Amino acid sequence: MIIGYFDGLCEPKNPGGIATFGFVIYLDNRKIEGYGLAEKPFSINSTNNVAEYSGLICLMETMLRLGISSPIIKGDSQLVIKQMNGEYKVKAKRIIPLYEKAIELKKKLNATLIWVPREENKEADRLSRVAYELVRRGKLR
């Protein structure tokens, strides 16, 4: 069963920090993972939720492009998972287009999205932090 995980962070302030994401895709014999900048650094449009959605979108885009289908996708954002499952409304103007992109991807992938606690999402967390550190080192821009 293909399982992907995503995460996003925004530090050292939220909002107005550096927003990064990370994701990991588990296949039985190999792993593919990704991490990066979600928004322009220190911009007022870097937010935690934008970062989380960006990690989700990049995860599902990567899956789609690789020909993965019917994955299970796990994250530790209750808000994002509940929005993606039709259980919380999306009303924030900057989240709406990201939610829409993610919903189209979820439909195309026949993805199932479930919440797990933070301590079960450590790899994707770690990768969002690696991305953050890389931005601080001028290695992602």
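Residues carry their position along the shown sequence, with the first being 1.
- For the two regions 120-128 and 8-16, the entry's Cα B-factors average higher over 8-16.
- Per-stretch averaging of Cα B factors for 30-38 and 74-82 places 74-82 on top.
- When the C-alpha B factors of 102, 44, 51, 66 are read from the deposited coordinates, the top value falls at 44.
- Sorting 111, 114, 56, 90 by the CA temperature factor given in the entry leaves 90 at the top.
- When the modelled residues of the chain are ordered by their C-alpha B factor, residue 2 lands in the middle third.
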